[PDB]
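Take a look at the structure below.
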Amino acid sequence: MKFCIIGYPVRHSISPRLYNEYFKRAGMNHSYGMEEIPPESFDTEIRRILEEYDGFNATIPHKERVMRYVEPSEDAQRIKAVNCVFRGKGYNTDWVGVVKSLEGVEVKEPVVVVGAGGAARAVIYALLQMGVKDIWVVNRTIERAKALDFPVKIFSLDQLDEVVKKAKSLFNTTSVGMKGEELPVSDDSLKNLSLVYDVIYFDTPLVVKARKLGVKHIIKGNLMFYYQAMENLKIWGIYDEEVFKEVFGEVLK
């Protein structure tokens with residue numbers, strides 16, 4: 001079977017190397033590639049993808065976009081985002097990644113979620129599944145705020161500093177931090193949080209700051225990535241637990 005990751009950007013994705021190493025170690029003939037498709041070319045180029053690959057992952061900015069071209073699951077519909085496709089069917093494994101990444105951890109409220117994209121909606125869904133009630137979304141764009149149907153409060157990014165001060169958990173779901181950017185939030189607001197969670201795979205200024213301040217739990221995007229990958233492989237019917245732990249376990253250290 002053939003798989004890939006689609007998105008924009010996606011050329012620096014960590015997925016191809018990991019899935020390909022996994023397939024090789026498991027003695028499987030499967031392959032994992034990459035397709036960096038600009039938004040303006042998506043409608044034409046997705047048809048090629050659907051014909052050439054058995055399944056694929058979707059990342060920014062295509063998780064919501066790809067829904068029109070597949071049959072989404074009930075949870076993917078609620079989230080309005082598909083990040084895992086298999087033979088015409090769309091799924092969301094991001095929220096599963098979030099739930100499993102927080103195993104053994106009590107998520108204290110109120111919870112601030114930065115962003116309102118597909119990643120944010122997956123995080124919100126996960127939090128609601130975990131019985132979290134008080135969720136405050138802080139985002140940048142009007143369009144994405146209007147796509148939110150969840151029982152949340154919505155604030156603009158200039159309010160981030162004030163709202164985090166009144167919260168106990170913070171989730172960054174945006175790409176802010178990928179190129180070393182900082183969110184508009186003070187040490188004073190961050191210091192008494194019990195959880196700082198960043199969907200970004202590597203150290204961000206937010207994560208580094210949280211460590212400096214001694215925040216109890218500081219979780220980067222590596223656990224979320226690990227567990228969404230696990231769910232992807234289960235959906236694709238190609239999950240080998242021991243090989244997965246050996247190969248994908250490298251993202252955890």
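Starting from 1 in every chain, residues are counted up; chains themselves are A, B, ... following the order of the structure tokens, and ligands are numbered from 1 as listed.
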Do a neighbour search on segment 161-172 of chain A at 6 Å with only C-alpha atoms, toss out local chain neighbours closer than 3 positions, and write the hits as an MDAnalysis selection string. chainID A and resid 108:114 185 189 193:198
Determine which residues of segment 11-111 of chain A DSSP labels as helix (DSSP H, G or I) from the backbone of this structure, then write them out as JSON, numbers by chain. {"A": [15, 16, 17, 18, 19, 20, 21, 22, 23, 24, 25, 26, 39, 40, 41, 42, 43, 44, 45, 46, 47, 48, 49, 50, 51, 52, 65, 66, 67, 68, 69, 74, 75, 76, 77, 78, 79, 94, 95, 96, 97, 98, 99, 100, 101]}
Residues just named, written with N, CA and C atoms as a short mmCIF file (atom, residue, chain, number, x, y, z; two decimals), in the first residue's frame:
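Final output, result.cif:
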```
data_model
loop_
_atom_site.label_atom_id
_atom_site.label_comp_id
_atom_site.auth_asym_id
_atom_site.auth_seq_id
_atom_site.Cartn_x
_atom_site.Cartn_y
_atom_site.Cartn_z
N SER A 15 7.26 12.68 9.20
CA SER A 15 6.48 11.46 8.97
C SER A 15 7.10 10.46 7.98
N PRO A 16 7.51 10.91 6.78
CA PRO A 16 8.03 9.91 5.83
C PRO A 16 9.15 9.03 6.38
N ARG A 17 10.17 9.63 7.00
CA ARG A 17 11.30 8.86 7.54
C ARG A 17 10.85 7.83 8.58
N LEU A 18 9.91 8.23 9.44
CA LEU A 18 9.44 7.37 10.53
C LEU A 18 8.56 6.22 10.05
N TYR A 19 7.57 6.51 9.21
CA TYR A 19 6.71 5.46 8.67
C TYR A 19 7.49 4.49 7.79
N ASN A 20 8.40 5.01 6.97
CA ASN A 20 9.23 4.17 6.11
C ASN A 20 10.19 3.26 6.88
N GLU A 21 10.77 3.79 7.96
CA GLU A 21 11.61 2.98 8.85
C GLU A 21 10.77 1.90 9.52
N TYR A 22 9.56 2.28 9.94
CA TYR A 22 8.61 1.37 10.57
C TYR A 22 8.22 0.23 9.63
N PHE A 23 7.86 0.57 8.39
CA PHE A 23 7.49 -0.44 7.40
C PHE A 23 8.63 -1.42 7.14
N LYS A 24 9.85 -0.88 7.00
CA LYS A 24 11.03 -1.70 6.74
C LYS A 24 11.33 -2.65 7.91
N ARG A 25 11.27 -2.13 9.13
CA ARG A 25 11.51 -2.92 10.33
C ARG A 25 10.45 -4.01 10.52
N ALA A 26 9.22 -3.73 10.10
CA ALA A 26 8.12 -4.68 10.22
C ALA A 26 8.08 -5.70 9.08
N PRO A 39 -2.84 25.70 -1.60
CA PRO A 39 -4.30 25.79 -1.53
C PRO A 39 -4.97 26.04 -2.88
N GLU A 40 -4.34 26.86 -3.72
CA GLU A 40 -4.88 27.20 -5.04
C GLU A 40 -4.88 26.03 -6.02
N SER A 41 -4.07 25.01 -5.74
CA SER A 41 -3.97 23.84 -6.62
C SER A 41 -4.69 22.61 -6.06
N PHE A 42 -5.25 22.73 -4.86
CA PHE A 42 -5.80 21.58 -4.14
C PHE A 42 -6.91 20.83 -4.88
N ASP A 43 -7.92 21.55 -5.37
CA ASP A 43 -9.09 20.91 -5.98
C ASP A 43 -8.73 19.99 -7.15
N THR A 44 -7.72 20.39 -7.92
CA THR A 44 -7.25 19.59 -9.03
C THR A 44 -6.30 18.48 -8.57
N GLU A 45 -5.36 18.82 -7.68
CA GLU A 45 -4.30 17.90 -7.27
C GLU A 45 -4.73 16.81 -6.28
N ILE A 46 -5.81 17.04 -5.54
CA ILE A 46 -6.33 16.04 -4.59
C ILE A 46 -6.92 14.82 -5.30
N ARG A 47 -7.43 15.02 -6.51
CA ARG A 47 -8.01 13.92 -7.29
C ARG A 47 -6.94 12.90 -7.69
N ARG A 48 -5.75 13.40 -8.02
CA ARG A 48 -4.58 12.57 -8.30
C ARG A 48 -4.16 11.77 -7.06
N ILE A 49 -4.15 12.45 -5.91
CA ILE A 49 -3.80 11.84 -4.62
C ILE A 49 -4.74 10.69 -4.27
N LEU A 50 -6.04 10.92 -4.47
CA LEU A 50 -7.07 9.92 -4.17
C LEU A 50 -6.94 8.67 -5.04
N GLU A 51 -6.38 8.83 -6.23
CA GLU A 51 -6.20 7.71 -7.15
C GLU A 51 -4.88 6.98 -6.94
N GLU A 52 -3.86 7.70 -6.47
CA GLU A 52 -2.50 7.16 -6.41
C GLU A 52 -2.11 6.55 -5.06
N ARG A 65 -10.30 21.17 4.40
CA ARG A 65 -10.46 21.20 2.95
C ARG A 65 -10.71 19.82 2.34
N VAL A 66 -10.01 18.81 2.86
CA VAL A 66 -10.07 17.45 2.30
C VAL A 66 -11.40 16.73 2.56
N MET A 67 -12.19 17.26 3.51
CA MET A 67 -13.46 16.65 3.91
C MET A 67 -14.46 16.50 2.77
N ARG A 68 -14.45 17.46 1.85
CA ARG A 68 -15.35 17.45 0.70
C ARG A 68 -15.08 16.27 -0.24
N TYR A 69 -13.87 15.72 -0.17
CA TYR A 69 -13.42 14.71 -1.13
C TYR A 69 -13.44 13.28 -0.58
N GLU A 74 -18.06 10.39 12.07
CA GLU A 74 -18.89 11.26 12.91
C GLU A 74 -18.06 12.26 13.71
N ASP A 75 -16.95 11.79 14.29
CA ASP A 75 -16.07 12.66 15.08
C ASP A 75 -15.31 13.65 14.20
N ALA A 76 -14.89 13.22 13.01
CA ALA A 76 -14.26 14.12 12.04
C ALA A 76 -15.21 15.22 11.60
N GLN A 77 -16.49 14.88 11.48
CA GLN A 77 -17.55 15.85 11.16
C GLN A 77 -17.71 16.88 12.27
N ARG A 78 -17.74 16.41 13.52
CA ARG A 78 -17.86 17.30 14.68
C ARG A 78 -16.67 18.24 14.80
N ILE A 79 -15.49 17.72 14.47
CA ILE A 79 -14.25 18.49 14.55
C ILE A 79 -14.07 19.38 13.32
N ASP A 94 -6.06 13.17 15.43
CA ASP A 94 -5.44 14.22 16.23
C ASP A 94 -6.01 14.27 17.65
N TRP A 95 -7.33 14.20 17.77
CA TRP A 95 -7.98 14.24 19.09
C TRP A 95 -7.62 13.03 19.94
N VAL A 96 -7.48 11.87 19.29
CA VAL A 96 -7.01 10.65 19.94
C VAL A 96 -5.58 10.86 20.45
N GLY A 97 -4.75 11.49 19.63
CA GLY A 97 -3.39 11.85 20.01
C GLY A 97 -3.34 12.71 21.26
N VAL A 98 -4.27 13.66 21.35
CA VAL A 98 -4.35 14.57 22.51
C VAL A 98 -4.79 13.83 23.78
N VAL A 99 -5.87 13.07 23.69
CA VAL A 99 -6.38 12.29 24.82
C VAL A 99 -5.29 11.36 25.37
N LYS A 100 -4.66 10.59 24.49
CA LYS A 100 -3.65 9.63 24.90
C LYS A 100 -2.37 10.29 25.43
N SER A 101 -2.03 11.47 24.90
CA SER A 101 -0.87 12.22 25.38
C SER A 101 -1.05 12.71 26.82
#
```
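From atom CA of residue 2 of chain A back to atom CA of residue 123 of chain A, the distance works out to 28.4 Å.
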If you measure from atom CA of residue 7 of chain A to atom CA of residue 143 of chain A, what distance in Å do you get, rounded to one decimal?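 For atom CA of residue 7 of chain A relative to atom CA of residue 143 of chain A, the distance reads 19.9 Å.
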Based on the backbone DSSP call, show me all residues of segment 50-239 of chain A assigned strand (DSSP E or B), as an MDAnalysis selection string. chainID A and resid 55:58 71:72 84:86 89:91 111:114 135:139 153:156 169:172 195:198 217:219
Atomic separation - atom CA of residue 124 of chain A relative to atom CA of residue 226 of chain A, Å: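 One can read the atom CA of residue 226 of chain A to atom CA of residue 124 of chain A distance as 19.0 Å.
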Near residue 91 of chain A, within 8 Å and counting only C-alpha atoms, which residues show up once chain neighbours fewer than 5 positions away are dropped, as JSON, numbers by chain? {"A": [72, 73, 75, 76, 82, 83, 84, 85]}
Within 10 Å of residue 177 of chain A, counting only C-alpha atoms, which residues qualify if same-chain residues fewer than 3 places away don't, as a list in words? residues 172, 174, 180, 181, 182, 183, 198, 199, 200, 202, 203, 204, 205, 206 and 207 of chain A
For residue 233 of chain A, the closest of A:1, A:208, A:120, A:6 counting only C-alpha atoms is A:1
Go through A:115, A:28, A:128, A:57 and flag the residue nearest residue 154 of chain A, using only C-alpha atoms for the distances. A:115
Rank A:14, A:217, A:235, A:156 by their smallest atom-to-atom distance to residue 90 of chain A, using only C-alpha atoms, and report the top residue only. A:235
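Residues surrounding residue 81 of chain A within 6 Å are residues 63, 64 and 118 of chain A [only C-alpha atoms; sequence separation below 6 positions excluded].
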